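Coming up is one lone chain in structure tokens, specifically the form deposited in one PDB entry.
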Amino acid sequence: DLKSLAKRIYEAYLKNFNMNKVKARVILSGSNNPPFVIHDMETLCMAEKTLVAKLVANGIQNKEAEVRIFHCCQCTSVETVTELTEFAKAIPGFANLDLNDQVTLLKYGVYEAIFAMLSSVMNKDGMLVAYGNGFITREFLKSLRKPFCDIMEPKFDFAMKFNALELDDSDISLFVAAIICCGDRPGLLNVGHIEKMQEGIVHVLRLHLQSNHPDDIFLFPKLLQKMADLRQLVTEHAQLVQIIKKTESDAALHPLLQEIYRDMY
């Protein structure tokens, strides 16, 4: 039954991602460990002394703030790739795929999924970081020197339009499943089984949107377009990352993330 395929995907989403949209919009709105606001250099340094004490003692605050923010981004990406891999291992039919095709799907899918889910922790003024314990302002990131000021703003632009669709986690879980189970990734061995897998997920998504969002007549084709938008956003992101790896010393790539980008686009 498709009602339960959707429920299983949604339950695996709530289980595997440490931050979900309901939790995020609470923190983002107005407790015990409120988010420290990072809006200039002074507050970045204060936040680092509390949230990453070992690094400060290692002397990271001698490095350019842009380098520390980039490596903060990388650490968050590595953790999200780990969650996405477990989420996917929990997608019905994914674990039955060929080992090599699981790697291919995740390799090309993870950053599309990341930037989709990143919208959940963004508002027009900034984004949540450090497991809900920091809030870094969009204007502070815009204030960094090139090229680092170009990292986050295209993702804010995507997220504000994405958030206007007013999806909830039950929608987003299916959307991310669909991103991962994409039958036209380069390098796929058994394209036929993946397309049938994708067809079933997208079928559930289309049906779920019908019942969950009866007011938005074209929400399904809108989300198809967002999937294309995300692939272009990821292509452009990989280009900026390659610029940074080559031009900026100190901003070395984490080994897990380097393998993801290797031969990607």
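When you see a residue number, it is the position in the sequence shown, counting from 1. For the two forms, the rigid core is made up of the largest set of C-alpha atoms that agree within 1.5 Å on superposition. Shifts are known only where both forms have a C-alpha.
Beyond the structure shown, there is the form deposited with a partner chain bound, which is absent from this document and is the topic of what follows.
Chemist: Just to be sure I understand the contacts: of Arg185, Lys107, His193, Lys155, which is the one whose heavy atoms reach within 4.5 angstroms of its partner chain in the entry with it bound?
Modeler: Among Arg185, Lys107, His193, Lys155, a heavy atom within 4.5 Å of its partner chain in the entry with it bound occurs only for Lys107.
Chemist: Considering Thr137, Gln102, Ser170, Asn123, which brings a non-hydrogen atom within 4.5 Å of its partner chain in the entry with it bound?
Modeler: By the 4.5 Å criterion, the partner-contacting residue is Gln102.
Chemist: Would you classify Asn163 as touching its partner chain in the entry with it bound, given a 4.5 Å non-hydrogen atom cut-off?
Modeler: Heavy-atom contact with its partner chain at 4.5 Å: absent for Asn163.
Chemist: Please check if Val81 has a heavy atom lying within 4.5 Å of any heavy atom of its partner chain in the entry with it bound.
Modeler: Close contact exists here: in the entry with it bound, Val81 approaches its partner chain to within 4.5 Å, heavy atoms only.
Chemist: Taking heavy atoms and a 4.5 Å cut-off, does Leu256 contact its partner chain in the entry with it bound?
Modeler: Because a heavy atom of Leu256 falls inside 4.5 Å of its partner chain in the entry with it bound, the answer is yes.
Chemist: Is there a heavy atom of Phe94 no more than 4.5 Å from a heavy atom of its partner chain in the entry with it bound?
Modeler: Yes.
Chemist: If you fit the two forms on their rigid core, which residue out of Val234, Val67, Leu219, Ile60 shows a CA shift of at least 2 Å between this form and the one not shown?
Modeler: Single hit from the list, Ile60.
Chemist: For residues shared by both forms, which stretches of 3 or more shift their Cα by 2 Å or more between this form and the one not shown, once the core is superposed?
Modeler: Run found: 58-61, no others.
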